[PDB]
Structures are given as C-alpha cells and as structure tokens.
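Protein chains in written order, with the authors' numbering: chain G, 1 to 312; chain F, 1 to 200; chain E, 8 to 475; chain Z, 3 to 51; chain L, 24 to 39; chain I, 136 to 403; chain J, 26 to 257.
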Ligand SMILES: COC1=C(OC)C(=O)C(C/C=C(\C)CC/C=C(\C)CC/C=C(\C)CC/C=C(\C)CC/C=C(\C)CC/C=C(\C)CC/C=C(/C)CC/C=C(\C)CC/C=C(\C)CCC=C(C)C)=C(C)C1=O
Ligand code: HEC
Ligand code: HEC
Ligand code: HEC
Ligand code: HEC
Ligand code: HEM
Ligand code: HEM
Ligand code: HEM
Ligand SMILES: [Ca+2]
Ligand SMILES: [Ca+2]
Ligand SMILES: [Cu+2]
C-alpha cells in the first residue's frame, strides 16, 4: 500500500478516535454530577428529558474501550502500513513474505510450523512402514479412518461401502489391483475407467443380447420375466468385443480396471437388465480423483493402509 | 456543551453533520481498497472463467448457494487441512459479485476444483442424499433438464470486460457456441470444477 | 388541522401483514433445513432461493414498514405538524409495497445479486431508491416545517437512518446491467467484499438499530409515561453510534482475504461501538425508573423492556464476536445466525411489537387493543421462541465451530463436516420449534389487529388525528 | 374545498399539458412517418438502354 | 462469415 | 372490418354470418345474395363492406354518439348510488352532490385515459395478438374459398351471441334467439321495475341475477370461442337460458325483492 | 404433442442460416411474397450484394418480394394441396408447431409422396429435408422412461435412462448429412427465420413499447398528481 494511503488511513482513524474522545469529554462537561428530577424545559409530545449526568461506569467503559483500541491498533497491523509491535512475531525472518508483524498468513505459518513439529514424526513413522504393517496399528488405522471420513466418505460412503457409481472398498472384489501397492497407486494417481459406449457400435439389438448374456450367464440373475433376448448372440458379441478387457470368463483385468463381471456385488453402476443396458449403450467412464496433490503422500499412505485393513 | 442546541434548531446543519459522520467511516475502508495492489493484482496463472464457467457461476448465483456455502478458506490449520490452501485476495479480482459467503451449512467450496469427479457433482447436485444420506442440501433435479440458450452470454462477457475482467473478442464471439447445447447442470458443474484451481 | 394518520395506519397494517408472511417463510426455510424434502424439488421454493426472500422481507418489508409507520407517526406528533406532503407520503407506502411485491416475484425466480442484504437486482434497486428519496423528502420537510423550536432525539435517529440507508443503497448497488433484474457489481473480490459488508453492517445498526432506537426513544417514555433518563447520554449515544457503525463494518471479513489492517480497524471500531449501544440501552431501561411496576399491568411495556434487554444482549455479543480470536471459532457457524436472531427477534421484533400495539389504537381511534390478554399471550409466545431460538443456535454454532476446528493429537481432523451437520440437526429442530412459537405470536397479533381494525367507526379514526 | 393551492395547481396543469403535448407528438410520429416513401416507393430504377 | 453461412446448397461442377 | 384483412377467419366468418340471412324462411336466400353482392363471399363483398366500414358506419356511429351524449346531458348522469342529485340544490342552484364536469372529471378522465393508454400500448407493442384473440392466428392465412379452417370461431367480442346461436338446435330459431339476445337490451329500461336504480340498494334477487347474467355472458363468450363440446354445449344452453331469464324475469324479480332506502346524499 | 423450441430473434447468424435453408430447400415450392429481399437483408445484417448473390435465385431485385415461379394453382394440381405462402406461417401455426412439423416427417408408403407427418397427418408436403435428416421411420428406439411425470435421468452422467418404445420417430443410421442435433439446429434456424418473417417488427416493437410505457408512466404520475390535487 502506498505511503499516501497509509497516511490517509492513519490520519482518518486517529481523527475519528480523537473526535469520539472530544465528544464524550465535552458532552459530559458541565454535568450536574447527580441524578436530578428537573426535566429539560422543553417537552416533545409529553416526552421529557431528565437532564442526568452520564453514568460514571458507562463513561469509564467508553474511555476504556478507547484505550484498548489505541493499544491494539498500535500492537497490531492498523493505521495503514504500520505493522503491529507484537513481540511474538515483530522480529525474526522465519516467515515467508519477509514481514515483521501480524497477519492471517503470518500466524498461520507459525501454527503450521508448530503443528509440523508436533505431528510430522507420526506421519513419517507410519509413512515408512509397509502398508501391510501400517494396517495393523490401531493408531495408524484410526488416523486413516478419520482421514477417510473427512476427505472421501462423501464419495465412498461413510462406512466405506459406496453408493451407486462408487466402489465398495470393504468387499473382497477389486476393480483395479487389490494389492497394497496397487491400492496406494489408485489413491495417489487417481483412476480413469474408459468403458466404451456400444450403442452406436453393436446397435440396440446387440446391446440387448449382450446385457442379457452378462446378466444371466455371467452374473447369474434371471432376466426380468417377459424380456426378449438372444443369449447366444450376446455371448458371441461378448467373445469378440468385450473379451479383450474382461477376461474370457468376464472376470476382469485389474491392469485396465475392468471389474469382475460375474458378481453383481462388484457392479457399481447396477446389475439390473435396464442398468446393464444403459451402461453398455452409453458407456460409464468412471473417475477416481488423484489424491496425491490434495493431501500428500503420507496421508495417502495412511488411507491406503486403512482401506487395506477394511478389505483384508 | 450547549452548542449542540445549534444542530437541534437547524435541520440543515444536523443533516450535514450526520452526512459527514457517516461518510468518514466509509471513505477510509472502501476508497483505499481501490489503488491497492494486493486486492487488485490477480494471482499469476489465473484466467477469466470460460463462457461456460461464467454461466455456471451465474446458475450458482441463481440457486442461491451463497447462503449455505462459502468460498473463502481462512488461514487456519484445521480450515486449510479440511479445505486446502487458504484463499487470497488475488483469487477474487475478477469476481463480480464476490461469493465468499458468511454461513457454512455445507463444506466450503473454495477448493472443490478437481477435488471430486464430474460424475460426483452430478448425482450429488441431482440428489445430494443419494451419495451423502445425511446431507441437508436441496435436490436440484432441474439443472439436468433445462439447457442453456446462450442468449446473454455475449452481453454478459462484454459487461464483465467493461468491469475490468480481461476478456477478448475471441471469447465474446465463441461464448454463444460454447454453451449451445449443454445443460444447466453441465455449466453449474464446470464452474464448480474451476473453483480454486489457480492455487494448490 | 390534523395529522396524516392514513399513511401511518396503512404502514402499520402492512407491517403486521408483512411480518406474518416473512416469519412464516423463515419458519418454512428452517423446516427445509430440518427436512430437505420440504423443498418438494421445485426450483422456486428451494432453500437457496427462499432464504434471501426471508432475509429481505423481514428486514425491508416488516422492519421497513414498521419504521415507516413509527416515523410518519413520531415525526408529526413530536413536531406538531402534518407530514410534508400527503402525495409523497402515500407514494412512499405504495412504492414500498411495490418493492415488497418485487421481492416476492423476483427472488423466488432467482433474480438476485448475491449481496446479503442488497439481493434486489437492477430496476428493483432503482425503484427502492426512488421511493427512499421521497421518504427522505417527506421526513426532512416535515422536520423543516416544524411548529416547535427543537428536534427530538428520535427524529435525529430517524433522519440519520434515512440518509445512511440512501448512501449505502446507492453505493452498494453501483453495478452494470445485463438485462432487467440481472446485474453485475462494479466492485471485485476484496473491494466487493468490503463494500458489501460496509453496506450489510449498516443494513443493521442503522436500518435495525438507529431507526429502531428512535422508535424506542419515542415509545418507551410515552408508553411508560416517564421522562427520558438523560439528555446528554442521548446526545453521546446518537453521535458515537452513527460515527462508529460505519467504521465497525470490516468485522464480517475478519480472517478472509481482506487486508489485515481493515480487519483490525473493524474489530477495534466494533469494540468501541459497544459503548454507545449500551448507552442507548441504559437510557431506554432507566427511562422506566419509578415505573417498573407497570410491567405487571401493561404487556406493551413488557414488550419494550424485553426488547431493550435483548438489544443489550445482542450489542454485547456482537462486539465479542468482533474479536478475531472469538470470530475464528464463529464466523461461518450458526452462532452468527443466533446473534442475528437475538438482535432481530429479541430486539427488532419485540420493539416493533410493542410500538405497534401502542400505535394501532391511536391511529384508528380505538382506545385499546381488542384483547390485552392476547397481548400478554403474544409476549409470552415471543419470549419463549426467541429464547429457544437463541439457545439452540448458540449450541449449534459452538458445536460446528468446535467440530470443524477440532483436531486429534495426531494432527488429523477429529470430525468430518457431515458429522457437524448431524450434530446440528437437533439444534435445527429446536430452532424450528422456537420459530413456530414466534410465528404463533405473530398470528395472535394479526388476529388482535384484525379485530381492533374492525369495530373502529369512521369518526373515531377521524377525531384521533386532530392536530394538537 | 379550503384554500386551493394555486401555483401548485398551475404548475401541475402546465406540466401535465406539456407532457401530454409530447405524447401527442409521439403518437403523431407514426401517422406523419407513414407518409414518407415506403418500401414500395423505394424500389428505385435501373439504367435504360 | 455471412457469406459462408449463406452459401447456396446446390454446387455445380463446371468445365475448367 | 374483420372481413377487410381477407384472411381465412375473415372470409369464413363473413360467409357464416351472411348465411345466417339465409335462415329467413322466405326471402332469406335472396337477401343473403343481395347483401353479398355475389353468389358467394368475394371481392365484391369485400369492397362493399369496406365502403360501409370506412364511411357509412363511421358516420352513423358519430351521429349516434352525438345523440347519445346530447340525451345524457339533457337528462343528466346517473351515479353509483342511484341518488338523484338534482333533488338537493344549494342557493346557487348547483346540486349539493354535484361538481363541475370540467375540470374535476376532465382530470379524472385524463388519468383514466393514461391508464387505458398504458394497457393499450402494452398490448400494441408486446402482445398485439393477445394470445390469438385480438389478432386470430388463422386470419394470418389468406382467405381460401375452398378450404375452411378446422374450427371457425368469431372474434371474442361476438362469441357470446355466437354461443347462443350455437345453443339453439334449430337454425332459424338460433338466428332469432341471437337477434333477441341483443334486442332485449333495448327494452331493458321497461323490464326493470325496481323502485331504486343502483344495485347497491336493490334486493338480493337483483344482485343475484346481475351476477348470473355476467357469469352467463362470460361463459357464453368463453364457450363460443371454441369448437363444440358436450360440457361446452350443455353450459352454453344453460347460460342462454340464464341470459334470457335475466331480462324476462326482471319485471318480476325487481318487484318481488325488497330494496334498501336510497340515501338522500351520495355516499363516499 | 409439440416440441418446444427457444427461438432467439436477436441471433443474426441463426436467422441467416434459416434464410439460406429457406432460399434453397423451401422457395422451390413456397413463396414468402409478403416479404422483400431488401428488408430481410437489412434485418438479418446481410450485405445487399451478399443477399443478391446468395439468397436471390429468381432473378428478382433486392427490393422485390420473395416470389417464386411455382404458381399456387399448378402446385395444388401437382401436390394435391397448394403450398401456402410461408411469410406468416410462424404466426399462423406458431414456432413450436413448425419445429415439430419439420422434424416429424416419417416414411409412409401408403401416402402419395411416401411420407406422413405426426404433427400434420396426411400432409401433402413431400419430405424435402430427407437428405439432411435422413430416413425417418415409425420404428422402435430408446426413449426416456417416464412414470406420471417421474422423469429419470442418469444421476452420474446426466443422460436419460431409457427403455425401448416401438412407435417412435427413428432416423435410420447413416442416411442423412446431419445427425439429430445438427438437423435440430438446422430446423431451429429455419423456424427462427420464419418467426422473423412473420413478425419482422418484433424487436423494434419491444424497444418502442418500452419507451412508450416509460413515457406513459411519467405522464401517469403527472396526471395522477393533477387529479388528486384539484380534487381537494
Ligand atoms: C362462425 O360464424 C359465426 C360468426 O362468425 C365467425 C359470428 O360472428 C356469429 C355471431 C354474429 C354476430 C353477433 C355479429 C353481428 C354482426 C352484424 C350485426 C353484421 C350485420 C351487417 C350486415 C350483414 C350488413 C347488412 C346491411 C343491410 C341489410 C342494410 C342495407 C342498407 C342499404 C343498402 C341502404 C339503402 C340505400 C338507400 C335507401 C339510398 C338512400 C335513398 C335516398 C332517398 C337518398 C336521398 C335522395 C334524394 C334527396 C333525392 C330525392 C328527392 C326527394 C326526396 C324529393 C324532395 C327533396 C328533399 C330532399 C326534401 C355467428 C352467429 C356465426 O355463426
Ligand atoms: C479417500 C481419499 C479415498 C480412498 C482411500 C479411495 N478413494 Fe475412491 N473411487 C471412486 C470411484 C468412482 C472409483 C472407481 C474407479 C474406476 O472406475 O476405475 C474409486 C476407486 C477406488 C479404489 C479402487 C477400487 C477397486 O475396486 O479397485 C480405491 C482403493 C479407492 N478408490 C480409494 C470414488 C471416489 C471419490 C469420488 C469423488 C472420492 C473422493 C474417493 N473415491 C476417495 C477415495
Ligand atoms: C448451488 C445449487 C449449490 C451447489 C452447486 C452446491 N451446493 Fe451445497 N452442501 C450443503 C450441505 C449441507 C452439504 C454437505 C455435504 C454434501 O451434501 O455432500 C453440501 C455439500 C456440497 C458440495 C460438496 C462439498 C464437499 O467438500 O464435499 C458441493 C460441491 C455442493 N454442496 C455444491 C448445503 C447447501 C445448501 C443449504 C440449503 C444450499 C443452498 C447449497 N448447498 C447449494 C449448493
Ligand atoms: C423448408 C424445406 C419448408 C418448410 C419449412 C415448409 N415447406 Fe412445405 N408444403 C408443400 C405442400 C404441397 C404443402 C401443403 C400440404 C397440405 O396442405 O396438406 C406444404 C405445407 C407446408 C406447411 C403447412 C402450413 C399450414 O398452414 O398447414 C408448412 C409449415 C411448410 N409446408 C413448411 C410443399 C413443399 C415443397 C415442394 C416440394 C417444398 C420444397 C417445401 N414444401 C418446403 C418447405
Ligand atoms: C476395455 C476397452 C473394455 C471393453 C472393450 C469392455 N469393457 Fe466393460 N468395463 C471396462 C472398464 C475399464 C469398466 C470400469 C467402469 C468404471 O467406471 O469403473 C467396465 C465396466 C463394465 C460394466 C459395469 C461396471 C459396474 O457396474 O461396476 C459392465 C456391465 C461391463 N463393463 C460389461 C461390458 C460389456 C457387455 C462389454 C462388451 C459390449 C464390455 N464391457 C467391453 C472395460 C471394458
Ligand atoms: C454493536 C452491535 C453489534 C456488533 C458489533 C455486531 C457484530 C457482528 C458480528 C461479529 C457478526 C459476525 C458476522 C460474520 O462472522 O460473518 C455479525 C453478524 C450479523 N449480525 Fe451483528 N452485531 C451487533 C448487533 C446486531 C444487531 C442489533 C442486529 C440486528 C438488529 C445484528 C444482526 C446481524 C446480522 C444481520 C449479521 C450478518 C449475518 C451474516 O454475516 O450473514 N447484529 N454482527
Ligand atoms: C419465526 C421467526 C424467524 C425464523 C424462524 C427465522 C429463520 C431464519 C433462518 C432459518 C435463517 C437462515 C439460517 C441459516 O442460513 O443458517 C435466517 C436468517 C436470517 N434472518 Fe430470520 N427468522 C425469523 C425472524 C427474523 C426476523 C424478524 C428478522 C429481522 C427483522 C430476521 C433476519 C434474518 C437475517 C438478517 C438473516 C441472515 C443471517 C445470515 O445471513 O447470517 N429473521 N432466519
Ligand atoms: C360506443 C361508443 C360510446 C360512447 C363514445 C359513449 C359515450 C358516453 C359518455 C362520454 C358518457 C358519460 C360518461 C360515462 O357515463 O361514462 C356516457 C354515458 C352513458 N352511456 Fe355511453 N357511450 C357509448 C356507448 C354506449 C352503449 C353501447 C351503451 C349501452 C347500451 C351506453 C349507455 C350509456 C348510458 C346509460 C350512459 C349514462 C348512464 C349514467 O349516467 O350512469 N353507451 N356514454
Ligand atoms: Ca453472504
Ligand atoms: Ca449470511
Ligand atoms: Cu456487523
């Protein structure tokens, strides 16, 4: 801020304080010093003023507020570019933006340094053991659970069983690799599914027959009684278009994220005849946020250990 | 002490005194904010919100999400850990009007950009309880149906440019096409994804 | 010769009508916060759209109409002159009703400026200024055509309110239009935040404290029939209050991106401003010296006294929350809303109730309200319903602040946000119940006013005005 | 009627008359304007060999 | 821009 | 005038309305042909109706308005209270409840004219069609002598009588009933046998029958603007009965009812 | 059941595309004879030379009406019904009706021209936009599921949840230049141009009416003051 504007703020603020002080001191000048019963000579629609002195405690309160003001905006950033004289940080250069005074950022940096000193050893300890070892430490797994609840319960479910479209991290089925390293990589770099849309490729009829084949032959559920499908044609289309990603038995390929197509519990987008048709016709292309940047590798390692503990 | 009676007997003098007294405070806290660099210099790397981002912000305004959500992360360790890097004055230099908010009925949205997938914002902005059973967020299953017509996109970009936002004719011309056939939910989600993207 | 009581009685009737609607809508949004299914998935009745309508109707339609009624009534009686012009006096009523109708028709449609208490958009904020300049003309011309030598303190408060809530209105609505009811503010970011809250802290303090402080200064000594406690205290209170309410604005942006010098100035100025507000409260309360026993007989005086008590409570709470250490705990929590409704239900609503229960049986010619027992019942319902609201929101906001700020010894956050929401849900239900109590009190007053308005013969209304 | 405020009556009569005259001119604008050459008249002509 | 927008639908291929 | 645009609605409404003159038992067809000036609605009918509409009827209307205002000024205006203000006069001969038309009612009518112009210009510049009622959509298609609109309806302000004509199964009886629906208003002054003028002081029967007549007129107009329907036809017949009963029963229910005493001075 | 179309008369590009579509695919049979090329160019922002070169195919002058060589009697003989003048068709039928009609043509061998229309059953108009839309038939396709207005979209992808219905307008794949969205935009631009042609004074009407209403409010204030005063 420019020197002119710093002087502007300082002059106007001090003028306002001086004006208030002068007002309170002049208005009390000549006060009778005793609650009287002699009203002001004038009456406004029967209303009358007692003409009483300012309450002593009230006047002292006003003066004390004035003094506290002056003291604070002398001790703290105010009156323009006048960094406050707070002994805690009106010295040293441990802060980022080379300033000697209070600010939200300055006290935040102090707090972050203190919290680092307090907590960093814990994360470093639990960020150095193998995920399997961390998964069997109540403190570590409960840290991971609180991180899971505060960071991603809104999108994986409060109890680690996601809603429609978000995987269940408690069940034994894993879309991607279920190993600790694969779990950590999933939580770090995020994941993109890229399930193609076959509505315009194999047509409506083909989507129908496939969906039926997956629902009965693979999933095991029965068609919605009163449905038309060509199960053999569905199998034939599956063996050519779908077999590449999902195994010959439709059991998935963790390298691509293709799920186990033989279990309705793993399906995060549904297992009904209509939901399967929707997924196959318009594609799904699920998205997993990359949690590296958001909260760091220590916290991601703790979360990986926590999910490992839930699942296995 | 009796000189005050002068203002009592004259309406004009009392009016002038009141005007000056009310003006002193306002002229010391708003005027200096202009011509002050920290409140006017954008953070390096930001760009004006795209036409679709602008329309999504407009929808965010229309649905009155300011009353529940805030876009200003205070410099507290709990705050910053929950939400991310604290907001700064440079992040809001092209925000007419500012949407910092003063109430948190829900989590702060200052850093939701990239935090969650588009497929979450959808299915959370269509039925918030579908993904968060305890959510008190209202359902918005109409942003999916109604689609942006791009009527005021060009005029909106032009007016924003008149207010200092650095838009360019290539953006004004392309605003209409950028929102030709995209639903209101698409814009409301794209604007959300762009929040707090400048600082990580 | 008489007083232009037509405009005052129209304003009083519309004040009751608008208060009922605004408080019912507030109860509706509170229920929505308790049960989301109360939105019914309709665009125009969602919480985000209706909440601005609540906060702009209670402040401008209920409080605004109340202040118009008690200014067009107090100014004439204390000046012993008819209003400046009946033309503009009636225009300031019909245009204010038009402004309220614009709020009803527009905010649900989503035409809002996002500015907490400047939500009315272009071509709606231009009419509110056209009808406010006319109000200022009507009031200050009446003060100009006086038949008495001085000007009363309440008149000073009303005039300061009128001028300040024209400067603020023109400054905060300085925008560019994209269409009718679609606008973009000319300020950006920290500047826009500072202007918005320098306007919003004066939408209270001046629209809700100064103008209502004048209502108090008239109706407290009048209702109690005793002289004001101190003339010098009134002078100091008025001057310091109007010179510090503008300064104390930056306390709404205490730890935001706003420059820290502004935040420190705002906090210090609010701490200073504590004193004049308590001076006004002291004047109001001690005006009752020697007349406290009347609180057992006259529920209206109970209304006024409890309004003053809640005013003191709110003006003590507010400066405390202006402290950045305290403000850190409670800036986005329900404690802010608890303070708002302590200063609104406890202070603004109660002073309004007491003032109208006194004014209405003076502009209609009827000597008394239809049922004083209904007045006592309304007082009890409002008190039990403002206390419930205050306590529930205090507990809720403290809980959310602690939970958001709560951190485990490991440094991880102890609670998620959904946990805070579920912990707040009991506070939401209790707030709903308190709001229902206050709305029932409002309904009782509406019934009392309807039964008092009827049975008031043509002449009874006419003789009451006869100037004196 | 008690003490009619002249000047105010004169001012209001004059202002209403002036505004009404402006409105009369505006309402005349369509009728006078329709008499200028229309699109039929403005067909013009090409050179003749 | 307008010229491209207004191009006639029928395209005729001409000798030379 | 509605024939002048020569749209589909223009042509076919003129066709039906002039075919009504073919319902007269004997001279009906010859009279209809003579009115048309042709064996069908054509440009001859168009030019003839244009001449009548542009000069003859405007002159007749101006003369009739002159006579109307002259008669009124001869007998003086009624008022909402039905009070004969001329009975009570001051020392100057001016009625106590009377004020000079100029300037008081001239300025009042100026205000009314401004309000009417606001509505009128709003319609002109924003909703000139008025949902197809002020400018009917099918009338924007050129008249086609060989294709008639799926549903042909009159302009709204003729719809009530149309409904009456449509409510009568017989053609000649329908035409006669439509004509009488307008002719009965002529004898209205002799149908009303009330001792009081204003509805404010007439008995409950008169108020009820005025409400019934207004509702029946509105319903007849509303159902004459649409294609025939079962509920529409039933309500149109009921409202025709009520419309004619408002007049036919007036000489009776104006006597049976008990009327309030008319005040000596106008209220307000 | 008509389909709603949001028509922007301030969109010069859309109106220009609609005018091009009308001049090429429509003026073969339909006239716009109540509308001049000069006014169309002026209102659409088309330069007069560009209008002459690109939209006037009949050898008419810029100030001439949009007449065509096909006489109404000849066309009535040929098609069984005269192709009406389309200058005011937007006012006669409305923009929603036109939008639904131009997208509702489906193959119908029982009909003289092999097509029928959902909006205009047994219409005498041939499907002249078939090259653009492609072959449209009354077949079986995926339609969004609706139960008493309970319309299901996909919460995640935001796309509709669909079930097969066997009485729907389906475009045979790879049969037209434009896909469903592109043909939708083409028909929207054409209907926008037709809406402009029916009411070319709409925008000027709104502007003039706004000014007139402002003046009338001013005059009402003055007249009301002159009335309430002078009535004391
Ligand atoms: C669907 O469908 C339907 C609707 O639609 C859509 C409908 O809406 C309706 C509903 C219908 C309605 C309610 C609408 C109602 C509309 C109407 C009432 C329209 C009716 C209008 C007409 C059809 C026009 C009919 C006109 C007629 C019959 C009148 C004809 C008048 C003349 C031709 C005038 C005759 C001319 C004369 C006499 C010339 C003057 C002669 C002279 C003597 C001139 C003077 C001459 C001299 C002076 C020279 C001689 C000298 C003399 C005398 C010697 C002495 C000299 C002296 C001068 C003293 C229905 C039912 C319907 O189902
Ligand atoms: C807390 C930060 C989180 C942890 C720990 C994990 N996630 Fe998620 N998640 C989400 C989706 C839509 C998927 C599907 C990915 C795909 O379709 O390919 C996933 C997947 C995972 C997995 C792998 C599951 C498997 O069976 O292989 C793991 C181990 C995992 N996630 C851990 C959704 C979301 C999300 C939506 C915005 C949030 C924020 C998170 N998940 C957060 C976490
Ligand atoms: C404009 C219509 C809005 C948009 C866009 C968003 N909100 Fe809210 N919000 C509210 C609550 C009680 C929550 C709790 C958590 C949850 O519901 O998932 C939320 C949450 C969100 C989130 C997720 C933020 C996160 O960190 O996970 C987003 C992206 C979001 N909301 C967008 C409350 C309210 C509310 C009170 C009635 C309103 C009006 C809005 N939200 C409006 C919007
Ligand atoms: C752009 C490709 C065109 C549009 C848009 C319209 N037409 Fe035609 N059309 C043709 C005939 C022989 C008829 C009459 C059919 C009948 O009456 O049964 C029509 C009709 C229409 C209509 C209906 C208007 C109404 O008021 O009902 C509309 C809206 C319309 N047309 C629009 C013939 C032809 C034709 C000859 C091959 C061409 C090239 C077009 N139409 C082109 C268009
Ligand atoms: C690789 C290019 C794939 C081919 C080819 C097919 N599938 Fe697929 N599938 C693949 C991935 C990477 C995913 C994950 C989607 C996600 O968002 O996580 C899927 C998913 C499915 C599903 C439903 C998933 C669920 O409910 O959780 C189904 C029913 C499915 N896949 C079946 C399927 C069929 C029928 C295919 C041939 C028509 C087919 N897949 C091809 C990878 C790939
Ligand atoms: C000296 C007196 C007062 C002071 C110093 C004060 C101070 C404050 C503070 C610190 C906040 C917190 C805002 C935030 O954290 O975002 C606030 C909010 C608020 N209080 Fe007060 N308060 C006072 C009296 C009142 C009164 C009397 C009323 C009502 C009549 C009132 C109504 C409000 C309103 C409307 C808000 C804004 C809520 C929001 O920010 O969304 N206050 N005030
Ligand atoms: C039955 C009585 C009332 C009820 C139930 C009620 C309810 C509510 C609710 C639910 C909110 C929003 C809560 C939130 O966003 O967290 C709110 C906000 C608000 N109310 Fe009311 N209200 C009532 C009366 C009043 C009155 C009488 C006034 C003023 C005269 C008022 C002024 C306000 C203001 C200024 C806000 C905004 C607070 C903020 O933004 O922080 N309320 N009210
Ligand atoms: C169509 C053009 C007409 C014009 C220009 C016209 C003009 C007037 C005027 C200026 C008045 C005096 C002011 C007033 O009472 O409103 C009047 C009164 C009257 N008009 Fe009309 N009139 C017309 C049509 C009609 C019609 C169709 C009827 C009834 C069938 C009618 C019946 C009356 C009656 C009975 C009065 C005097 C009643 C009273 O004093 O309350 N007029 N007319
Ligand atoms: Ca806010
Ligand atoms: Ca707020
Ligand atoms: Cu404040």
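The C-beta atom is built at its ideal place from N, Cα and C for all residues, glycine as well.
Residues bridged to residue i [DSSP beta-bridge criterion]
i	result
residue 473 of chain E	E:9
residue 192 of chain E	E:182
residue 420 of chain E	E:414
residue 82 of chain G	G:78
residue 175 of chain J	J:172
Nearest-angstrom Cβ-Cβ length linking residue i and residue j, presumed shorter than 8 Å
i	j	result
residue 51 of chain G	residue 40 of chain G	5 Å
Residue of the options minimising C-alpha distance to residue i
i	options	result
residue 159 of chain E	G:127, G:37 and G:44	G:44
residue 140 of chain E	E:314, E:95, E:128 and E:346	E:95
residue 251 of chain I	J:241, J:32, J:38 and J:39	J:241
residue 129 of chain G	G:13, G:110, G:102 and G:180	G:180
- prompt: Below 8 Å, can you find three or more Cβ-Cβ pairs linking the region 119-134 of chain F to the region 230-243 of chain E?
  reply: Because the criterion of three Cβ pairs below 8 Å is not met, the region 119-134 of chain F and the region 230-243 of chain E do not touch.
Three CB pairs or more closer than 8 Å across the region 254-273 of chain E and the region 75-94 of chain G:
Contact between the region 254-273 of chain E and the region 75-94 of chain G is established, with three or more Cβ pairs separated by less than 8 Å.
Checklist entry - Given a limit of 8 Å on CB to CB distance, which residues of the region 28-39 of chain Z reach chain J? => result Of all residues in the region 28-39 of chain Z, 28 have a Cβ within less than 8 Å of some Cβ in chain J.
Exercise. Do three or more CB pairs link the region 330-339 of chain I to the region 381-400 of chain I at distances below 8 Å?
Worked result: The region 330-339 of chain I, when compared against the region 381-400 of chain I, does touch it at the 8 Å Cβ threshold.
Notebook entry, point to check: Going along the region 154-176 of chain G in order, which residues come within less than 8 Å of chain J, judged by CB to CB distance?
Noted result: Those residues of the region 154-176 of chain G that come within reach of chain J (Cβ to Cβ, closer than 8 Å) are 164 and 165.
### Message
If the cut-off is 9 Å on Cβ atoms, which residues from the region 59-86 of chain J count as contacting chain G, listed in chain order?
### Response
The residues in question: there are none.
Between the region 184-195 of chain G and chain E, which residues of the former have a C-beta closer than 9 Å to a C-beta of the latter? Listed in sequence order: no entries.
| query | When you check each C-beta in the region 203-215 of chain G against every C-beta of chain J, which residues fall closer than 7 Å? | reply | Listed in sequence order: 204.
Exercise. Quick check: the region 296-305 of chain G against the region 113-125 of chain G, are there 3 or more CB pairs under 8 Å?
Worked result: Yes, the region 296-305 of chain G is in contact with the region 113-125 of chain G.
Please determine if the region 145-159 of chain E and the region 193-200 of chain E are in contact, where contact requires at least 3 C-beta pairs separated by less than 8 Å.
Taking one beta carbon from each stretch, the region 145-159 of chain E and the region 193-200 of chain E have fewer than 3 pairs nearer than 8 Å; the two do not touch.
| said: Can you pull out the residues from the region 399-419 of chain E whose beta carbon lies closer than 9 Å to at least one beta carbon of chain F? | reply: So the close ones are 407, 411, 412, 413, 414, 418 and 419.
Note to self: Below 8 Å, how does it come out for the region 58-76 of chain E and the region 27-45 of chain E: are there three or more Cβ pairs, yes or no?
What the structure shows: Segments in contact, yes.
Quiz item: When Cβ atoms are compared, which residues of the region 88-122 of chain F fall closer than 7 Å to chain J?
Solution: Of all residues in the region 88-122 of chain F, 119 and 122 have a Cβ within less than 7 Å of some Cβ in chain J.
- Could you tell me whether the region 391-410 of chain E touches the region 434-446 of chain E, where touching means 3 or more Cβ pairs closer than 8 Å? Segment contact: the region 391-410 of chain E against the region 434-446 of chain E, three or more CB-CB distances shorter than 8 Å; contact assigned.
Checklist entry - Is the region 86-97 of chain G touching the region 59-68 of chain F, taking contact as three or more C-beta pairs under 8 Å? => result Counting Cβ pairs under 8 Å, fewer than three are found: no touch.
Contact residues within the region 325-354 of chain I, judged by C-beta distance below 8 Å to chain J:
Those residues of the region 325-354 of chain I that come within reach of chain J (Cβ to Cβ, closer than 8 Å) do not exist; the list is empty.
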